[PDB]
Every structure is written in C-alpha cells, then in structure tokens.
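See structure below.
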Amino acid sequence: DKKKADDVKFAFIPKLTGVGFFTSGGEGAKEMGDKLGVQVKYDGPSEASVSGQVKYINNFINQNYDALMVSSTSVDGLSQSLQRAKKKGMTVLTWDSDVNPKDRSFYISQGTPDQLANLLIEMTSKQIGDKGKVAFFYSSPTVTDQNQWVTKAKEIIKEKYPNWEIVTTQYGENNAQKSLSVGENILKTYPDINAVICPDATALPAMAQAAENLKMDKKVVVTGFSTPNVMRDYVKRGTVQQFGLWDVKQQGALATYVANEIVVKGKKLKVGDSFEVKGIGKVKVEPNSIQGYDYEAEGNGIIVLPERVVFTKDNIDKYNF
Ligand SMILES: C[C@@]1(O)OC[C@H](O)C1(O)O
Ligand SMILES: [Cl-]
C-alpha cells in the first residue's frame, strides 16, 4: 500500500448542504470512510454558488487533505482551484455533477445523459401520452449535470415527441422558497400545462407542493429527480405517481471507496478497468466520451452506478435516503 489509513483524510463536497440528496450522499461517503478506517469530512456552502464551493475547496487544500470529491455547481468555475489541488498531489474526484474532465480524475456518475434523459421522458410519456404542453424546471442554466441531461432530453423530445411543446424552462436555484414560487408561477401562467419535468432535488418537491397548494395535484403530471425521504408523502397522496433517482448513499460510498483505492492502496485505475464493491456491485471505468466529452487521458474516466431507481407507491418504502 501507498499509505496508512489513519494518516489520510478525504473531503466530500456537495453543491450545497441542507438538501436531502446531499446529506444522504455525505452519509454514504462517511459510512464508507468509517468502514475503511479513513477520515471523511462532509462540508460545503449552505447556498449553491461557485464562489462558495471555491472557498471550501481552498480550505481543504490548505488543510492538506489527501483527496477531494466534489459535486460541482459549474463546468469550469472550479478549474483553477482543482488544478491547484492536483499540483499539490491531491486526488480529485467528482460525483453527481462533473467538472471539465481534465480537472478531475474520475467522475462517479449516476448515469449517462442518455440514461437519465430517457428516464425523465419515459416517466412523463407514460402519464401524458404523445401530445401535450410540458415545462422543464430545475436548478440553474449553468450547472454541469442537469444541463447535460436536459440538453439530451430536449433533443429526444424534438424527434420522438413532435406533438409535445416545451413551453418554458424555469430555474429554482437550489432554494426551496424560490423553487416553490417558480413552481406556482408555472401553474398560474400556463394553467393548461400537462407536465412539469423536474430533474433537481429541490425543484421536484417544490413543484409537487405548488400543485397541491393550487389544487392542481392529479391534474398536472409532476415528475423528475429527488430523494425518496423528501418525496414519500407526495407519492402516497398521488400528487407524484413516479419519479427517479439512484442510491445516492451508495454513490457517496463509491466515491470514498475509489479515493481509498487510489490514495491508500496506490492503485493506478485506467479506462477499461473494473471492480466490485460490496453493497454496490460491479462497476467499471469508462471513457469520458460516454458523457459527450472530447477528452481522454490515462487514469481519467467515468464510473457509472449499475442501476438507477424509479420510485412508485409500490417501492417508495424500500429506500431510506
Ligand atoms: C438530484 C439532482 O437532480 O438534484 C441535485 C443533484 O445535484 C442532482 O443529481 O442534480
Ligand atoms: Cl403527477
């Protein structure tokens, strides 16, 4: 091995704290840290901003952390600080939301844009059919992950659902209050809207709540991505019939596991490599091209979760995160 477990520390950084998705991801990363005998600190800003993330990243670098695992608010905004981390000899991973691939080594991904876009579209089309007015409602027009998925989803919709119109795209800024206001405004301005597609953990519950507040629940289809602990009662009331995610606790755990392989065990992971992690399953390192990127380099790539999850009333109580 390259190191001893007790001498290392890893930083697990969310887009922001105080959102169930991120708390649960952090719990998974920390639990795996405990299982491996390595220290993992979960911390980040309380609002989603590039400058906030840069401040935390700089602090972790300056405290001589061995690895950073970040879900990014930006494609390029973290580049300078992540490059500084790499130069210091730190291992830089992303999870959830990627950065420019040259600025990290591995991205621990919940799925490709095609996988996730097809999920959003299929969950919607099962409920509204091939004709309707739809809106997209998510965090921000610049965040890496959601824009990768939505760009793909819009491409698929234009071709495969020519009788859908995307009437609007709105942003809730990872903020519950803003998201509720925006969601209510969608219903007030487009009272005949058929579905709102919400690939953001804050926008989706806000949209469900907006529908309930305005007595449009069960008239408008609301689907997207969020955590089951946040969505459970909306599903049981029937306001949301189905929505998607993936095991975010295992995602955080996988990030810690990979950091441990690299930093403690001294493994040199390459595209094409594969391994198994108990409680997660078999995973492999894929090229950056699976995300649409044009960059490849030795020891750089994407590790995708084996499965995603579609939650309905039939399985909502099978998941705790
Ligand atoms: C769950 C999600 O869609 O919302 C916040 C996360 O960063 C996410 O994965 O994009
Ligand atoms: Cl619905």
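One-based numbering along the sequence shown. Remember, it's 1-based here, ligands and their atoms both numbered in the order they're listed.
For the ring pair (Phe, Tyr, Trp, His ring centres under 6.0 Å) test with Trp95, the passing option among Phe106, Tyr257, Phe22 is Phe22; the others fail.
Every protein residue with a heavy atom nearer than 4.0 Å to ligand 1 is included here: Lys15, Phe21, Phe22, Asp96, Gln110, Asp145, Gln146, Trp149, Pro199, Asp200, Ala201, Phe225, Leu245, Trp246.
Under the 6.0 Å distance and 45° angle rule, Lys9 counts as a cation-pi partner of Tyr65. Seen from the ring of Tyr190, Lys133 does not count as a face-on cation partner, given the 6.0 Å and 45° thresholds.
Rounding to the nearest 0.5 Å places CD of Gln39 at 8.0 Å from CG of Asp34.
Annotation for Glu307: atom CD does not count as buried by contact number, only 12 or fewer foreign heavy atoms lying within 6.0 Å.
Every residue meeting the ring pair (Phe, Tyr, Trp, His ring centres under 6.0 Å) condition with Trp246, not counting sequence neighbours, appears here in chain and number order: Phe21, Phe225.
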